[PDB]
Structures are given as structure tokens and as C-alpha cells.
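**Q** need a 3D model of the following:
(chains A, B, C, D, E, F and G, ligands or ions: 2)
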Amino acid sequence: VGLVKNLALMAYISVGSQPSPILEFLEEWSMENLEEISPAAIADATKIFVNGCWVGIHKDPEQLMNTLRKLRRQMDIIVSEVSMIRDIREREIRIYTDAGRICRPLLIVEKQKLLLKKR
Amino acid sequence: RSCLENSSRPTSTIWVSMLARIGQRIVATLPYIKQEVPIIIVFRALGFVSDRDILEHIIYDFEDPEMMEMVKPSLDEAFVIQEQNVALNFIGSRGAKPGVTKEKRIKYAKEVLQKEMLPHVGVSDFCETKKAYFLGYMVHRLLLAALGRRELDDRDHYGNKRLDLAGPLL
Amino acid sequence: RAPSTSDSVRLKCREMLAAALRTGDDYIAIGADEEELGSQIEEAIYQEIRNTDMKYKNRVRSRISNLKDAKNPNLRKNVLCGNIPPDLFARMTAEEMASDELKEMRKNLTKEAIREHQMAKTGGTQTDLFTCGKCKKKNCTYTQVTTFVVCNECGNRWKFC
Amino acid sequence: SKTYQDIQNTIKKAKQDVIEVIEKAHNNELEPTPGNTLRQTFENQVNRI
Amino acid sequence: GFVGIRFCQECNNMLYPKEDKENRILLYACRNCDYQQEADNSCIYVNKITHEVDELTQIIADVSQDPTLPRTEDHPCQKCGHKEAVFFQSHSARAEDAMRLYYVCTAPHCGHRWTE
Amino acid sequence: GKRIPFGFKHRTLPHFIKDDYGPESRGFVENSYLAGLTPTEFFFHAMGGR
Amino acid sequence: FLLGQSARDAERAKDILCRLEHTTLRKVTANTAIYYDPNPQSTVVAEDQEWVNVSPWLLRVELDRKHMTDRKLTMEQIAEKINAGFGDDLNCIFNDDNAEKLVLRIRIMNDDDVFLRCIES
Ligand SMILES: [Zn+2]
Ligand SMILES: [Zn+2]
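**A** Numbering: from 1, shown residues only, chains lettered A, B, ... in the order given. Ligands and ions are numbered 1, 2, ... in the order given. Structure as follows:
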């Protein structure tokens, strides 16, 4: 009892993707790479983790996360299975793309009104 | 639990633990190493002789001495290891297959310190910098947990679990 | 009148006590002999201890500090005015020599600690409709969950289904 | 149909009481009950309510 | 007060303290190098048993832009005087016993934090 | 022997906001089996049965 | 189960409870700071307690007031115990019970730097 489980009707498992397009897209932006960076510049910044690999450092999470969300919404460079997590308390953006990340679809609500209109 | 990507070798585990109890002496349990090794010796083995560099990789801000008082004990514990060769010898002496000579032990230590531990960050010829930064991040997280500034990570939280469907199983 | 002493340590302690008693000039306003009071205090301390060991020196130092404490000159004024006899001052403890505000704060802290040390009483609906068979009294408290009966005075524990 | 009114009134009263307890705890008025910490006594009061 | 680590000048290593027996002063020597420097803090170690840490020093201004954090209008800011503001508990382990909130202004270029 | 814990970061479920110690946000089921149950309290009731 | 009159009143039972409860310095101490004060009369810190009482280092172990009153202790017995437990090797200069801060001063008289750390721990 409790060990055996069953998925939910809407539950879906990520099949898996590749991190290369994401790495290239984050590299084009103003993202200093982890290999050449002043250690003193890590405090006032946010550490980006992709598939558990600490790479690059950014100085504007509030915009980077919005760009990532819009890009994923448009389904062009990042597949819908990828997930970007935003950690507010500690500045860390941990992105994952390996398989096995159980997920489900949810509607989007911009301010107080859904996008699933009559159209 | 590090694992590069469906690689031939199995996933490797890195336990960077800390003694309870001087007190507060951080250790590590590297793969294929039966005994424990302090983190400072590992950092010096990766190619960091200077102490300031090691602390910068571990601790990001120096204006909080309250965090510095926690690392001073373990830092001073390993004060007889400065050069890289002695650190490599010390790490290899604890290997499962201790080389009968010194050169074999150095080679074995370098191999375990470049292929076994943290294979996901990189297993190429020159990736010691990223490994050192990742290790420093692990130590930073451990210290934050010890101070209580960040709650521990729940074991049953599925956010830290992955499902293996028919694909990976086959 | 305190008997004179030829011991150097005792004389030094008496001089220190007199000097401390002179802090604030309360002796002039009260017209009390500071030297006589210091000699009496030293004599009481010597009688209580009966040796010029570290305990006697510690007691003398504590008395000097308490008498010279500028945060509670009322104690010094009372001592110089006869309110606290020299025997009592020598035999008094640190808690007794504290100022009125300090004493009130200590009492409040002690009361709070005593109250916090207690344990919360078991809750329940107290009523006199159930007669306890272990004491014959009617006071008791019940709890519905089967209704458990808890005696108030006798403490008879039972349940009704 | 009247018992429903009584039950709803009681539930609303309990909700108001627990909200008041939370407000007091937030503004630092609920003193710690003897033998327990602040969180413990807060939880005990909520459970009793 | 506290004490911070001061690295060497040449070898850049931990400087251990040393009580100069000759001049009767406080020095910081290097285990490897022979560097010396006259001290100024006159302190070596301090322990905080109560661990009286100011939670405000840990809170950051970025917490304001959190979509899963409550907001209130009854606790306006002080500097800018904006109305909207967030509030939350210490959110830190080892909480002794207190749910005292930590209000943070919800507006750009302010990042003010206070407590009531 | 306690109320519903905070499985997520300082909240029971994603619906409720952080630091919500209210009754309905920690397991208090306000409805009854005759009048149906809210999904959140339904899940908490399932936890108790488990 | 209390036997004496303490069974009735809680005032005379709190002391019994305190004496049956294990109390150590950690429960009563609030801050502990070591200083390499060369001359005892120099007193790098502002405290007018050493000149009245009279090694180039000392421990300033300031105690808490609320806990000390809760357990109802006095600095006299604390100093006596701390001096007898470690032999006639140190010299604890306690403070009067009138000042606001409950400071202390532990000094050693007769590798030496870590000795104070070890002993305080
Ligand atoms: Zn040096
Ligand atoms: Zn503001």
C-alpha cells in the first residue's frame, strides 16, 4: 500500500529533449560564461543551471525568465516539455530537459483573465 | 547523484558531508575512495593552491563573517597540503587499488578526479574550473543548510524524482 | 564600636569600604561616620568568614561594588542612614543588595519563568451532573468523542457509551 | 433547513476566531503557553477552536 | 561585532593570529609565508549562543516580484510611500519561536524592507 | 498527529498562497459528505485515509 | 511527587524543578568573545570592573539575565564552580549583580591560543 501508484488521466511524462538549442540561445544573450567571470560578481547575480550543470551567470532574471516563457509559448526553439524554474529567495534558475519529469497541461492567466477565449 | 547522459558508466554519487562533534570539519566521499577526504585537499588537487581562490569558489561573499567562522575549522585542518602533487598523492593513497609506487597513485588520483566525480559537468581534458565551481556550489549549499538559512530538501518531493519509462529501462 | 585590627589586609579592606561609602557624599548629608561603618562591615565580614582568604576578599570586593554602584544609590543611602545594619549588609546577598528596579525586574522574570514552567491543564466541559465513584463528589469534566468522564476533585476516569 | 443555518453560523464564527488568532500571532500578542513554544501554542489553540 | 578572514599579501592564505611576546601586541602571521601585519580589531573569536540574526539582512529586494506571495495595501512603504506591499514569515529553518512578518515594498527602484 | 504539512515551499498546495495557516488551507474540511467536498479538502481527506 | 510544603504552592516547587533540571553555561550564556587584551588594566572594552578588582588574553563570557533569573542563579556559585572544576589554574573575575550587562572575565595564569578555544568549548 502506497508504493504502487497510477498516473492521472491528464498526467503526461516528458519524453526528453536536447540542451544544445537552449545553451546557444542563452549564450547569445548577455550571459557571462562561468569559465571567464570575476568570482566577486557571483553575489549580486543569479546562477543558471541546465540539466544540473552550472553554466553562465546572468544579471537580469526578471527579463530572462519572461523571455524564456514567451519563447516556450511560441514553440520554436524550446520544446513544450522543457521547464524553467524561478527561485526567488535565492537567485537560481534551474532548467531541466531530461525525461521522466512528470507534468500536465494548465491554462495560462495573464492578469485576471484567461486566454482561452470564445475564438 | 551525477550521471552525464545514459553513459556507459553508472551514475556516480558525491557525499559532501560534515562532522557533528574543534568541530564542523567538512569531509567528502569520492567514488572508488573508501576513506573520506576533506574538501580543501580536493580543491587543491583540482589545481587551486591559493586559499583566497578556494574560498571564492566556495563562498561568494566575504562581507558575512558569520559564514566564514563555519569554514575556518576545516580550512585550518588541512594546513600541511599546499602543492598539487601532495594533494594528488593523499587522494590516491586512499584508492581501492593503491599503486605500489607514487606515479601510479598520482595517475589514479587524477583519473578518479577527472572521470569518476561529477561526470555531468564535463569529462574532457580541461574542465577542472567548472568542476571546482560545482563543488564550491555544493559546499555553499551545505553551509546554507547548516546555518538554517535554507530549509532542507524533502526526499519524497517528486520535483526531485524522475520516471524511467520503457525507453531508459531498455 | 568595631574593634581595631592590626592586619594589613583587614585595614586595607576597611579603608576601601570607607572610601566606597564616601561615594556620593551621602555621609555628610546623613551625618554618619563612614569610617566606623566600614570598620563594622569589615568586622562582620571577618566574623562571618574567620579568615583573610579569597572568599573574604571576594566578599569585600562585592560589598564595595554594591555600595559604590551609581545605578542604585538608595542602598548606599540606607546603609549610611542605619536602615541596613552592618551585620545585615555583610550577611546580605547580591539579590538583596540590588536596587528597587532591579529587584522588581528579577521578581517579574522569576514569576514569568515559574508560570512558563507549568503545564497546560487538560481541557474539558466541567459539570456537576456526573457523580464520581472514586471520591463521591459531583465536580468533574466530560469530553465527547463515547463521552469520557474525568473527575474534578477525586479524579475518577470513566466513559459512557 | 435551520440546522444548516446554525452550522454555517458556527463555522463562520470559528473562521473569524482563527483569523483573529492568526492576526494576534502576527502582531506578537499571543504569549507562549507554559510548556510549549509559540508555534506549538498557536497550533494547540487553533486545534482546540 | 564580528571578525573576518584577512588573507596574506604574498601567498594569499589564511593568517593565523599571534601574540607578540616581545612588543606585547597582536599580530597575524602566515603558516607558509613570513608576512606580518599589526592588528586593529583586537578580537579573535566571538560566539553567538542566542544566534540573534537580523532576518532583514537576508531578505532581498527581488522577493517583491513573486507571483505566489501575498500582498496588502494597509502597510505602505516609508521611503517611496507606495501602497502595495508584500509580507511573509522568516521562511528560515531553526525559527526559535516567532511568526513575525517582514514587509517588503512592491515597487521598482525601492526594495525597502521593514517590520512592524 | 498534526495538521497537513507544507509539502511545497511554505504552502500545502499550489492553489493556496504562502503562509496561509487558515483552517481550509491546512485540512479543515468545512463541508460534509452530503453536500460534497472541495477538491483541496478532498485531497487532504485522501491523505488521512492513506 | 513533592513531599514538603512545596506540594501545595508553586513558588516553592519551581526551585525544586530547577534543581532537578540540568542547567549548563549554554543555557545561561548569550555571547562569548575572546580578546587578546595585553594589560589587564587596559581593558580594551569599556567596563569599570577590573580596576576595582585590581596573561595577555581573556574571555568575556556575558550571561543572559532572563534565563539566569528563571533558573535563579548567582554569579558567586557560578564562579566557584568554574574555578573548582578546572583547578586553581584560572581566575574568573565575576561581576556584581547591579550592572545591566552580566559580563565575566576568564583569564589563565601559570598552543596557548587554542587552549582557550578548547576550554570554552
Ligand atoms: Zn603569507
Ligand atoms: Zn517603497
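
**Q** where do the helices sit along chain C?
**A** For chain C, the helices defined by DSSP state H cover C:8-21, C:26-30, C:34-49, C:54-67, C:73-80, C:86-91, C:94-97, C:100-117.

**Q** correction: chain B
**A** B:39-45, B:51-58, B:65-77, B:84-93, B:102-111, B:128-147, B:166-169.

**Q** give me the neighbour count for residue G:60.
**A** Residue G:60: 20 surrounding residues under other C-beta atoms under 10 Å in any protein chain shown. For the C-beta atoms, the positions are set from N, CA and C on the backbone; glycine is no exception.

**Q** that one falls within a helix, correct?
**A** No. Looking at residue G:60 with DSSP: H, G, I helix; E, B strand; the rest coil, it is strand, so not inside a helix.

**Q** helix or strand for the closest residue to it other than its chain neighbours, which one?
**A** Excluding its sequence neighbours, the residue lying closest to residue G:60 (C-beta to C-beta, 6 or more residues apart in numbering or on different chains) is residue G:33, at 5.1 Å. For residue G:33, the host element (DSSP states H and E) is strand G:29-35.

**Q** and the helix or strand following that strand, how far from the chain's centre?
**A** The helix or strand immediately downstream of strand G:29-35 is helix G:50-53, counting by DSSP H and E. Helix G:50-53 sits 17 Å away from the centroid of its parent chain (C-alpha atoms, centre = their mean, to the nearest Å).

**Q** helix G:50-53 and chain E in contact?
**A** No. Using C-beta under 8 Å from any C-beta of the partner chain, helix G:50-53 never reaches chain E; the gap is at least 15.5 Å.

**Q** can you show me the CA trace of that helix as CSV?
**A** What follows is helix G:50-53, C-alpha atoms only, in CSV (Å, rounded to 0.1, in the frame of the first residue of the first chain):
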residue,chain,number,x,y,z
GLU,G,50,38.7,45.2,36.6
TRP,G,51,40.3,48.2,38.2
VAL,G,52,38.3,47.8,41.3
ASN,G,53,39.3,44.1,41.5
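
**Q** mind listing what's buried in it?
**A** Neighbour-count burial for helix G:50-53 flags G:50, G:53 (criterion: 16 or more other C-beta atoms under 10 Å in any protein chain shown).

**Q** what's the answer for stretch G:107-116, then?
**A** Those would be G:107-108, G:116, for stretch G:107-116 by 16+ other C-beta under 10 Å.

**Q** so which of the helices of chain B is the most surrounded?
**A** Comparing these by mean neighbour count (mean count of other C-beta atoms under 10 Å in any protein chain shown), helix B:39-45 ranks first with a mean of 24.

**Q** what residue in chain F comes nearest to chain B?
**A** residue F:7 (7.0 Å; C-beta to the nearest C-beta).

**Q** surely that residue is in contact with residue B:158?
**A** No. Judged on C-beta atoms under 8 Å, residue F:7 makes no contact with residue B:158 at a distance of 9.6 Å.

**Q** for those two, indicate the residue with more neighbours.
**A** residue F:7 (14 against 11).

**Q** what residues does the more buried one make contact with?
**A** Listed by C-beta atoms under 8 Å, 6 or more residues apart in numbering or on different chains, the contact partners of residue F:7 are B:154, B:157, F:13.

**Q** is any residue of the host helix or strand of residue D:40 near chain E?
**A** Taking DSSP H and E as the criterion, residue D:40 maps to helix D:38-48. Yes. Residues of helix D:38-48 are located near chain E by C-beta under 8 Å from any C-beta, namely D:38-39, D:42.

**Q** which single one of the residues you listed is nearest to chain F?
**A** residue D:42 (8.1 Å).

**Q** measure the closest one to residue B:157 for me?
**A** 26 Å (C-beta to C-beta, to the nearest Å).

**Q** which one of the two is surrounded by more residues?
**A** residue D:42 (21 against 11).

**Q** picking that back up, of all the buried residues of stretch G:107-116, which comes closest to residue B:96?
**A** Closest to residue B:96 out of the buried residues of stretch G:107-116 is residue G:116 (42.3 Å), distances taken as C-beta to C-beta.

**Q** what's the burial count for residue D:27?
**A** 12.

**Q** hang on, it packs against residue E:98?
**A** No. Judged on C-beta under 8 Å, residue D:27 makes no contact with residue E:98 at a distance of 11.6 Å.

**Q** does the spatially closest residue to residue C:157 that is not a sequence neighbour have beta-bridge partners, and which?
**A** Nearest residue to residue C:157, sequence neighbours excluded (C-beta to C-beta, 6+ apart): residue C:150, at 6.0 Å. As for beta bridges, residue C:150 partners with residue C:141, residue C:157 under DSSP bridges.

**Q** how about residue C:150, what does it touch?
**A** For residue C:150, counting by C-beta under 8 Å, 6+ apart, the contacting residues are C:122, C:124, C:140-143, C:156-157.

**Q** which residue lies farthest from the center of chain E?
**A** residue E:22 (36.9 Å; C-alpha atoms, centre = their mean).

**Q** what do you get for chain F?
**A** residue F:34 (18.7 Å).

**Q** any idea which residue sits dead centre in the chain?
**A** Because you didn't say which chain, this covers chain A. Note: chain A centre (C-alpha atoms, centre = their mean) maps to residue A:84, 1.4 Å.

**Q** wrong one, chain F
**A** Closest-to-mean residue, chain F, C-alpha atoms, centre = their mean: residue F:27 / 3.3 Å.

**Q** distance of the residue most central in space within chain D relative to chain A?
**A** The residue lying closest to the centre of chain D (C-alpha atoms, centre = their mean) is residue D:18, at 3.0 Å. Residue D:18 sits 27 Å away from chain A, going by C-beta to the nearest C-beta, to the nearest Å.

**Q** quick one: that residue and residue F:24 touch, right?
**A** No. Residue D:18 is not in contact with residue F:24 according to C-beta under 8 Å; the separation is 9.9 Å.

**Q** which one of the residues in chain A is closest to chain G?
**A** residue A:43 (27.4 Å).
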